[PDB]
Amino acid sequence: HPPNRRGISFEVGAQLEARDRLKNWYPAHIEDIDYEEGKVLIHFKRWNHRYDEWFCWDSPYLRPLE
């Protein structure tokens, strides 16, 4: 089950911020949810979908967009 974290909604189309591979906090959204392994597919706004990434929904590298 997705965890209850402030400012974040674990839903496809939900907006948040994630820390990218270049160690930059950038605006992102949830493209898909893997309820079995507890992961969220993250898409960094205006990036090649080649760099979309799966983050454990408990990752501290995810934060509210506000």
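The first residue of the sequence shown is number 1, and the count goes up from there.
**Item:** Relative C-alpha B-factor of residue 9, binned into the chain's lowest, middle or highest third
**Value:** Its C-alpha B-factor belongs to the middle third of this chain's values.
**Asked** residue 55's Cα B-factor: lowest, middle or highest third of the chain?
**Response** Lowest third - that is where residue 55 ends up once the chain's C-alpha B-factors are sorted.
**Request:** Please rank the C-alpha B-factors of the chain's modelled residues and tell me whether residue 40 sits in the lowest, middle or highest third.
**Result:** Middle third.
**Request:** Using the B-factors in the PDB entry, rank residue 19's C-alpha atom against the chain and give the third, lowest, middle or highest.
**Result:** Its C-alpha B-factor belongs to the lowest third of this chain's values.
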